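Fold and geometry: a report
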Amino acid sequence: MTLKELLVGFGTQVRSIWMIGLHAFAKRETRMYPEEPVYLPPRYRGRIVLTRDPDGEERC
Amino acid sequence: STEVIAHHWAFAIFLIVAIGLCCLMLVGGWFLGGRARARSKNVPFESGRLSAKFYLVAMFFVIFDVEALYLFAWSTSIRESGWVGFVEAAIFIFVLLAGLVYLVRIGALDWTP
Amino acid sequence: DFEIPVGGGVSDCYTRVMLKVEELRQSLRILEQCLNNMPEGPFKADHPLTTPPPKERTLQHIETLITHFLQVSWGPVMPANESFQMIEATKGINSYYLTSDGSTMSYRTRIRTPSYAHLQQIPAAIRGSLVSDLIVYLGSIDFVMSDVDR
Amino acid sequence: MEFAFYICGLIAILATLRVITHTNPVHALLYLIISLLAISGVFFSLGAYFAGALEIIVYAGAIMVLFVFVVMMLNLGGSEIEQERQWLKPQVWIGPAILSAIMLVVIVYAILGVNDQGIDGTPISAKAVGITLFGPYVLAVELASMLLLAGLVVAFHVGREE
Amino acid sequence: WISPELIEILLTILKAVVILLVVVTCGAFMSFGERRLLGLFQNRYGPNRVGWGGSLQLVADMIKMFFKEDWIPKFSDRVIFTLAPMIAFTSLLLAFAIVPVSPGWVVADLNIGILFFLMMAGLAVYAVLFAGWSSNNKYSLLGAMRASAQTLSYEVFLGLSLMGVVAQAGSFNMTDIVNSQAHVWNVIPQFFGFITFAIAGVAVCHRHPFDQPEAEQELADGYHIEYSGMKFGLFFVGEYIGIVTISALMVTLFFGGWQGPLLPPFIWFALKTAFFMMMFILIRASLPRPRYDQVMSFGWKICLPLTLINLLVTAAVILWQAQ
Amino acid sequence: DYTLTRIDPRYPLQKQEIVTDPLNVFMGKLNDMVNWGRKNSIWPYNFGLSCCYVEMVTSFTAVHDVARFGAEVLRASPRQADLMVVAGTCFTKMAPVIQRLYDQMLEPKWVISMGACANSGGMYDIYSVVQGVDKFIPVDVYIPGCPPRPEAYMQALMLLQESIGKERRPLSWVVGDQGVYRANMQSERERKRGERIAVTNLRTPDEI
Ligand SMILES: CCCCCCCCCCCCCCCCCC(=O)OC[C@H](COP(=O)(O)OCCN)OC(=O)CCCCCCCCCCCCCCCCC
Ligand SMILES: CCCCCCCCCCCCCCCCCC(=O)OC[C@H](COP(=O)(O)OCCN)OC(=O)CCCCCCCCCCCCCCCCC
Ligand SMILES: CCCCCCCCCCCCCCCCCC(=O)OC[C@H](COP(=O)(O)OCCN)OC(=O)CCCCCCCCCCCCCCCCC
Ligand SMILES: CCCCCCCCCCCCCCCCCC(=O)OC[C@H](COP(=O)(O)OCCN)OC(=O)CCCCCCCCCCCCCCCCC
Ligand SMILES: CCCCCCCCCCCCCCCCCCCC
Ligand SMILES: CCCCCCCCCCCCCCCCCCCC
Ligand code: SF4
């Protein structure tokens, strides 16, 4: 193969290593479940309940 | 002398303790832990003829390893051999590289067809 | 306003991956246009067959409650016809061909997916290659097996 | 020094006896590797450090690797090999064994009738071997390179698949 | 029994035992550090819940692997199957056995040294070959064949890459190689030897981007697939101990070993070694995996003539400077 | 409060009986140490079935980091794996494959059904779907969802760890009792009924 191709590939490997090193010098993106509680939007579709009217009777 | 035989004893203890360490690792792994049976447990895991290029690669490794042993013998005695031995080793490496280039150009070292 | 990226004429793995990067950028442009220009109006059509009706009118109007009651229990009555819609999916062209017999259920639902075509195109394109070339080709198709089998 | 030599020689002899009387090719090659390690220990006991280093680097690290490679590609399941056991059949092996036996007694008679001042076990480094190799033995080096080249060309020409 | 000779014998034996235990502990804790440093490289934390900072994760994995059922297939050959992880561990451990970590702290001050390391690597390829043949699985068989031909293609020039340092120091001994770096480290003159030895040492350690079982997981053709319990654990521990061995040999052969201006020599040796272990993690986390034919073509057409030319130029420089 | 299971090769080929907990104080401490080591290093089998596997590998990524629990090694071989996550639908063509892979796993092994398909078949009450993976292999933890979010998979991992931490298995295969004793733990529904019924107000769905 070409010597120029070899040098360009070597430089690209060095660039990839450098970028992963700067990504090591970055901020952690992990949400620490369960110590950090998971935020959910108000219309999230999770556990199903039956609710009550403001008077206290069951709405169903 | 005392130092050389102490070094020999230390090396012997190193080899013996390493071999005994992996042997006791096997003994602990085999002896400990419960065992249970399944029907397809003994069947090899297969996710539920070999080419001659492997032989060619291993053969080239053998030949170039013998020429590597020649260069091993040369490299530890480079200064006492002088420029004459440098010329001999240059001829040796020239023959080595000519054989390597000949292997390259005829596709012997080309894995893909 | 968005552009459709095209290749040079040869469908390599790298060309397909770079094209999908380009459509990611164009989809970001479309998302920016959606963010800047979102109209103020209804989120549901005013047709009688809008299933379900708007929820508050269902909760305080008896005719809307009747429409919602019959649309979520028995189903909405599509008149007997055949319809077809093809869209540009994330992995190719995805189409629904729906035959209605006048009932509240589909008489025929035909789902055309592009992953079926790509998995069928595999033996014609990977023939004469390596196994690792097959792995790269599998990784560069953008399929899923639910799309193939469904 | 002598104790290691005798133990390694006994291990090499027993291992070679196990190679020449085995049916499994991989077991025979493993016992051959063990005998090569033992002969390397013999070489290290005699002060030929470079010779033992080359026995494990080249003989037990390249050539037996090539033999193991070939046995892998053959997939030798003992077809008409384990089902025959003709070498273990006595009237086949009595003859050649007694041939090698009388040859061994003649060679032992030759060996015992020579002067022996003993081997002092002085270590011969690889530097002296390299000095000799590129000194009084230069045509040996270049024509051994040509010999390896000849083996390369021959076995490439023979061992192709097409 | 009170004599200085017996005291020197026992202290030397104790030093060798301490070195061996520290190397095994460092290899296991470096499997854990592989996990932690991959987490650092990938914007996460990795295991940090089992003990303080995850420090007891290795003990939990060790207990699990000891008390996991150790099983040998019925179709498999017992001796070869039991022998392959032993080779994968012992070969690179005894390859470490020649590395000097401090002045006066060496196990075997051999006259061959890196030659002995070559013996241990040539024996270490048998672990992969025997794991492939012994398991009686054809997928593992071709996987071991591919990995073994790769390791041969890089072992063909591993020693020739070391021969430039050998020529510069003028001896096969490890301590003389370290002492020849007292003025200038060998990474500057033997830079091509340094990169070729890096590539070959990574390849013979079966590390990324030369790892075969992680290359093709869809085929399920790895040679580790039928190993479980403490045998697979021995494969992993031998792999990381080999990483430690290759890093320490790299430090002693190209980065001066223990030599340093201010810090104690073992501190410098540990710092340079741990830097090269971190570089192993970064190489695993950064580079993509090349193809098989590309990898062995890079081993044969490029690296071997580079090692030969490097040795020739090193010899020309050495005899040019010897007036 | 324990169940005793012994296996001897319809599936599953096991018989279970309710038994009193047997638990020297050194043997007990050894049992807790073995359970601690087993539960703090759980290697899941990397088995891809359907969209629930996409959520599982989402749990393995950086924003979630399942590696913190020591459950990240993700073996491609069932011999090296401790946990089988059925993350997807039990198709009839894939069910013998799942059974074969589960048979190729080694003791101790645990099973997590991930999603409604693996629980009971889910929405796919159809001709080509096995209605739940517990029809033919025993399941230790179930996750409702279609799909469960990645932290639901972590919550099931914690549930499995708590179940392992109080189960009894033989330390060696030559000494002791060789049956497997599993704890009959309190259901999470009855445990969380106190804090779930008392919920009064929730945020209205018109906001972020
Ligand atoms: C066995 C190996 C044999 C071959 C290697 C022999 C030893 C090294 C000899 C010198 C090598 C020099 C290589 C060429 C450097 C200049 C060109 C270059 O960087 O090319 C790579 C790439 C080209 O750009 P391109 O891929 O076209 O991307 C589009 C952007 N223009 O550009 C880029 O990616 C951007 C710039 C990247 C620069 C990277 C660093 C180059 C110098 C490295 C020196 C040594 C570093 C050692 C490691 C340090 C960090 C740990
Ligand atoms: C303790 C010891 C170890 C310590 C750790 C640090 C050192 C680790 C070294 C790792 C080396 C990995 C080498 C990988 C070589 C891969 C070569 C290869 O096959 O490349 C193929 C690729 C394309 O091949 P081609 O034939 O052109 O295909 C055309 C098809 N369209 O061709 C190309 O892409 C061309 C370029 C190929 C690669 C050139 C060499 C790069 C080596 C990696 C970068 C190292 C930089 C220094 C890092 C710090 C070292 C301390
Ligand atoms: C114990 C009973 C048998 C048990 C089963 C078999 C176990 C292995 C036995 C063989 C290997 C160990 C032999 C004993 C060596 C003990 C050390 C010794 O004798 O050292 C002497 C000498 C030291 O060097 P030198 O300079 O000559 O010493 C003179 C004093 N200044 O040393 C030398 O010069 C060289 C020393 C030998 C060479 C190095 C070691 C070679 C190992 C080869 C292993 C072969 C495979 C064995 C397989 C076993 C299972 C089948
Ligand atoms: C499953 C088990 C398989 C077999 C494993 C090994 C079996 C034997 C284990 C016990 C060995 C006991 C110790 C043997 C002697 C060690 C010391 C020694 O060899 O000293 C001699 C020499 C000294 O060198 P030096 O001092 O520099 O010389 C100047 C003059 N004194 O130093 C030398 O000559 C050094 C060179 C020889 C060192 C040999 C080391 C072992 C080689 C075999 C490795 C096997 C790897 C695993 C199996 C692979 C597959 C079969
Ligand atoms: C199908 C062909 C098989 C060929 C087998 C050949 C076996 C040869 C056995 C030779 C046995 C010699 C026994 C001793 C002879 C007398 C002493 C040596 C000559 C003086
Ligand atoms: C990755 C590093 C592996 C090292 C294995 C061997 C460890 C040997 C430790 C020796 C410690 C004492 C060294 C001599 C004293 C000088 C240094 C004193 C401060 C540590
Ligand atoms: S439960 Fe839902 S998300 Fe999970 S595999 Fe089934 S369809 Fe996919």
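The deposited coordinates for this entry were obtained by cryo-EM, with a reported resolution of 2.87 Å.

Quick look at the packing of aromatic side chains now. Within the structure shown, the criterion is met by 30 aromatic pairs over all chains. Considering the side-chain rings of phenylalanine 81 of chain E and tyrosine 227 of chain E, the 4.0 Å spacing of their centres and the 5 degrees angle between planes classify their relative orientation as stacked. One end of the pair, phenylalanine 81 of chain E, is in helix α3 (residues 78–96); the other, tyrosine 227 of chain E, is in the loop between α7 (191–204) and α8 (230–254), and 146 residues separate them in sequence. Given the relative accessible area of 0%, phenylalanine 81 of chain E is considered buried. Sitting above the plane of the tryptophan 173 of chain F ring, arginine 35 of chain B keeps its charged end 3.8 Å from the centroid. If you follow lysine 64 of chain E out to its NZ or CZ, it ends over the ring of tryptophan 43 of chain F, 4.1 Å from the centre.

Residue and element names in this part refer to chain C. Where strand β1 (residues 81–89) and strand β2 (residues 92–100) come together, 9 bridges link them in antiparallel fashion. Its bridge partner being in β2, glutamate 82 is matched across the sheet by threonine 99. Hairpin geometry of β1 and β2 is characterised by an intervening segment of 2 residues between the two adjacent antiparallel strands.

Attention now goes to the site of ligand 1. All residues adjacent to ligand 1 are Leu6, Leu7, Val8, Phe10, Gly11, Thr12, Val14 and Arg15 of chain A together with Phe191, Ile195, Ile199 and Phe298 of chain E. This site is not confined to one chain, since residues near ligand 1 come from chains A and E. In the model, an oxygen atom of ligand 1 is placed 3.1 Å from a nitrogen or oxygen of the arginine 15 of chain A side chain. Alone, ligand 1 offers 1,200 Å² of accessible surface; in the complex the protein occludes 48% of this. For the shell around ligand 1, the secondary structure elements donating two or more residues are α1 (3–24) of chain A together with α7 of chain E. With 8 residues, α1 of chain A is the single largest residue contributor to the shell around ligand 1.

Let's shift gears to the interface of chain B and chain E. Taken together, the 60 residues of chain B in the interface contact 74 residues of chain E. Both faces combined, the contact of chain B with chain E buries some 6,200 Å², and carbon together with sulfur accounts for 81% of it. When residues of chain B are sorted by the area they lose upon contact with chain E, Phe14, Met25 and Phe72 of chain B head the list and together hold 12% of the total. Counting the contacts that link chain B with chain E gives 1 salt bridge. Scanning the region where chain B abuts chain E turns up 6 residue pairs in polar contact. Of all the secondary-structure elements, those providing two or more residues to the side of chain B that touches chain E are α1 (2–31), α2 (53–75) and α3 (78–105) of chain B. Among the elements that make up the side of chain B that touches chain E, the one with the highest residue count is α1 of chain B (21 residues). Of the residues belonging to the side of chain B that touches chain E, the class tally is 43 nonpolar, 12 polar and 5 charged.

For the peptide bond that leads from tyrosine 33 of chain A to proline 34 of chain A, omega is 0 degrees, which places it in the cis range. Here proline 34 of chain A lies in the segment after α1. Here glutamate 107 of chain F and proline 108 of chain F are connected by a cis peptide whose omega angle stands at -5 degrees. Residue placement: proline 108 of chain F occurs in the loop between α3 (95–104) and β5 (110–114). Residue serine 47 of chain B is not a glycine yet carries a positive backbone phi of 55 degrees. Of note, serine 47 of chain B is situated in the loop between α1 and α2.

It is worth spelling out a nonpolar patch on the surface at this point. All names here are of chain E. A cluster of nonpolar side chains, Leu6, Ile7, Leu10, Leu11, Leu14, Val18, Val22 and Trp105, forms an exposed patch at the surface whose accessible area comes to about 670 Å². Within the secondary structure, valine 18 is located in helix α1 (residues 4–41). For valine 18, a relative accessible area of 37% puts it in the partly exposed group.

All names here are of chain E. Tracing the backbone through its elements, the reader meets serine 247 in helix α8. Residue classification places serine 247 among the buried residues on the basis of a relative accessible area of 1%. Excluding its chain neighbours within four sequence positions, the residues that come into contact with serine 247 are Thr273, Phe276, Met277 and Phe280.

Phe60 and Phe64 of chain B together with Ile114, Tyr126, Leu253 and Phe254 of chain E are the most contacted members of the largest nonpolar core, which has 177 residues in total. Ignoring sequence-local partners within four residues, the contact set of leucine 253 of chain E consists of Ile114, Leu162, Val165, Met174, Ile177, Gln181, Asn186 and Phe197 of chain E. Residues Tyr33 of chain A together with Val66, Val85 and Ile112 of chain F belong to the second largest nonpolar core, which totals 26 residues.

The next point concerns the interface of chain E and chain C. In this assembly, 4 residues from chain E lie in contact with 5 residues from chain C. Summed over both partners, the interface of chain E with chain C comes to about 380 Å²; 70% of that surface belongs to carbon and sulfur atoms. Looking at the side of chain E facing chain C, the largest losses of area belong to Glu218, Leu219 and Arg291 of chain E, adding up to 79% of the total buried there. Taken together, chain E and chain C are joined by 1 salt bridge. For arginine 291 of chain E, the salt bridge goes to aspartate 133 of chain C, with nearest N and O atoms at 3.7 Å. Linking chain E with chain C are 0 residue pairs in polar contact, by the criterion used here. Taken together, the residues of the side of chain E that touches chain C break down into 1 nonpolar, no polar and 3 charged.

Cut-offs applied
Residues numbered from 1 in each chain as written, not as in the entry; some residues may be left out. Chains lettered and ligands numbered in written order. Part of a larger assembly, values for the part shown. Heavy atoms only, no water. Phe/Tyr/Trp six-rings, centres within 6.5 Å; stacked < 30°, edge-to-face > 60°. Helix = DSSP H or I, 4+ residues; strand = E, 2+ residues; numbered from the N terminus. Buried < 20%, exposed > 50% of the residue type's maximum accessible area, 1.4 Å probe, protein only. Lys NZ or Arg CZ within 6 Å of the ring centre and 35° of its normal. Pairing = 2+ DSSP bridges. Near = heavy atom within 4 Å. Polar contact = N/O pair within 3.5 Å; in protein donor to acceptor, adjacent residues only side chain to side chain. Areas by Shrake-Rupley, 256 points an atom, 1.4 Å probe, with all protein chains shown as cover. Contact = heavy atoms within 4.5 Å. Buried area = accessible area lost by both parts, 1.4 Å probe. Salt bridge = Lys/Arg side-chain N within 4 Å of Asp/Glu carboxyl O. Nonpolar A, V, L, I, M, F, W, Y, C, P; charged D, E, K, R; others polar. Patch = residues over 30% accessible without salt bridge, like charges linked within 9 Å, V, L, I, M, F, W, Y side chains within 5 Å. Core = buried A, V, L, I, M, F, W, Y, C linked by side-chain atoms within 4.5 Å.

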